[PDB]
Enquirer: 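First, the structure itself, so that you have it in front of you.
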Amino acid sequence: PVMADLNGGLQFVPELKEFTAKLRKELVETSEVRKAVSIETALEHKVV
Amino acid sequence: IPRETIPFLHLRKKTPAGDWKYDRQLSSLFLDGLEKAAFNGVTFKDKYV
């Protein structure tokens, strides 16, 4: 019987769980803050 | 515990690679606690099992 590790090396990056859970927790921040800052400046531009 | 020698009752410890290798220190405090538990005995008071 053979095993065939077609894994890119993801057994080496250590503590991948939150290493993963951080990469996306940042992609929602950088996404949502540029959702909120963008709409209010566009809203700022509507009161001046 | 002789060097390079694995005792019969050893605890293990994950290595950053992912497997589990015999650790000696971490299997030391288990194993002497046994030997302590064999001369004085161990108490489980207030356990809930």
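Lettering follows sequence order; numbering is per chain, from 1.
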Enquirer: Under a single-linkage definition using a 4.5 Å side-chain heavy-atom cutoff for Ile, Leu, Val, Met, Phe, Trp and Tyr, are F8(B) and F30(B) assigned to the same hydrophobic cluster?
Expert: yes

Enquirer: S38(A) side chain to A36(A) main-chain N or O, any donor-acceptor pair under 3.5 Å?
Expert: no

Enquirer: Return the minimal non-hydrogen interatomic distance between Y22(B) and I1(B), and the atom names on each side.
Expert: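 Heavy atoms only, the tightest pair is OH-CG2, 4.0 Å.
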
Enquirer: Testing the basics here: between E4(B) and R24(B), what is the closest heavy-atom pair and its distance to 0.1 Å?
Expert: N-NH2, 4.2 Å

Enquirer: Roughly how far apart are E44(A) CD and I39(A) CD1, rounded to 0.5 Å?
Expert: 13.5 Å

Enquirer: Check for me, please, whether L11(B) and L9(B) land in the same ILVMFWY cluster - side-chain distances under 4.5 Å, paths through other members count.
Expert: yes

Enquirer: If you compare all heavy atoms of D23(B) against all heavy atoms of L26(B), which two are closest, and at what distance to 0.1 Å?
Expert: OD2-CB, 3.0 Å

Enquirer: Quick one: side chains of residues 7-25 of chain A, donor-acceptor pairs under 3.5 Å with protein atoms, not counting sequence neighbours, listed by atom name and distance.
Expert:
from: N7(A); atom 1: OD1; to: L10(A); atom 2: N; distance (Å): 3.4
from: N7(A); atom 1: ND2; to: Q11(A); atom 2: OE1; distance (Å): 3.2
from: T20(A); atom 1: OG1; to: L16(A); atom 2: O; distance (Å): 3.1

Enquirer: Roughly how far, to the nearest 0.5 Å, is NZ of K13(B) from CG of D19(B)?
Expert: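 The CG atom of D19(B) sits 12.0 Å away from the NZ atom of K13(B).
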
Enquirer: I need the minimum non-hydrogen distance between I6(B) and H10(B), along with the two atoms involved.
Expert: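 That closest heavy-atom pairing would be CG2-ND1, 3.3 Å.
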
Enquirer: For a quick test of reading the model, state the closest non-hydrogen atom pair linking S31(A) to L27(A) and the distance between them.
Expert: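 Scanning both residues completely, I find the closest heavy atoms to be CB-O, 3.1 Å.
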
Enquirer: If hydrophobic clusters are built from ILVMFWY residues whose side chains come within less than 4.5 Å, do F39(B) and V42(B) share one?
Expert: no

Enquirer: Which heavy atom of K46(A) sits nearest a heavy atom of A42(A), and at what distance?
Expert: CG-O, 3.4 Å

Enquirer: What's the separation between atom CG in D46(B) and atom OG1 in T43(B), rounded to the nearest 0.5 Å?
Expert: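 With rounding to 0.5 Å, CG (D46(B)) is 8.0 Å from OG1 (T43(B)).
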
